[PDB]
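Only one chain comes next, encoded as structure tokens, the form deposited in one PDB entry.
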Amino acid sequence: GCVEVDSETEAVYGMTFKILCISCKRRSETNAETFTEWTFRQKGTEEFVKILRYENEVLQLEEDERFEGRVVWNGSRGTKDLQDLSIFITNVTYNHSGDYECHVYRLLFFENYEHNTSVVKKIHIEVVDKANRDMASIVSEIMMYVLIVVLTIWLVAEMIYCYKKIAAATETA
């Protein structure tokens, strides 16, 4: 239905990257009208600058040279109730590394009640030249092979032991 998955934090230079921002409604049946502003600060600087503001259907980009021509929308389409506010960075540069805020402004409609809610998602990314396998998949394939060889060594250990015993019994008989 609606799962809030956290963005990936590793971008490869010269390739494409997808920044995830998923903000859901506590009750899926309710009706809302959401827009979003995205702001970013570069690694090395202390100031969050707005870079884009996505409205009902159209996307507006700020005049920033770092993102202009290389950021497309990759979130929800054809609705005012946006539960996915993701963006795309085509041709990732070394300048797209820092801290991102995904501002979600959501106005819910009730019987005679209109609630103005906000929610902020924080995403940190770094731009590398080479993608690195995470340790969790490194450790685990090395560990997958430990249990293979120790279970196999264990089994054939028990086979040999039981056999030199049974071979003795037959000779005895």
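Residues that one form lacks are left out of the comparison. Take the two forms, find the largest set of C-alpha atoms that superpose within 1.5 Å, and that set is the rigid core. Quick note: we count residues from 1 along the sequence shown, nothing fancier.
A second form of this protein, the form deposited in another entry, is not displayed here; the remarks below concern that form.
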- Where among 123, 119, 59, 32 does the Cα move by 2 Å or more between this form and the one not shown after the core is superposed? 59
- in the other entry, do the Cα atoms of residue 78 and residue 63 sit closer or farther apart than here, given a shift of 3 Å or more? closer
- Query: Hey, the CA atoms of residue 87 and residue 59 end up closer or farther in the other entry than in the shown form, with the change being 3 Å or more?
  - Reply: farther
- Which segments, of 3 or more consecutive residues, undergo C-alpha shifts of no less than 2 angstroms between this form and the one not shown following superposition on the core? 58-67, 170-173
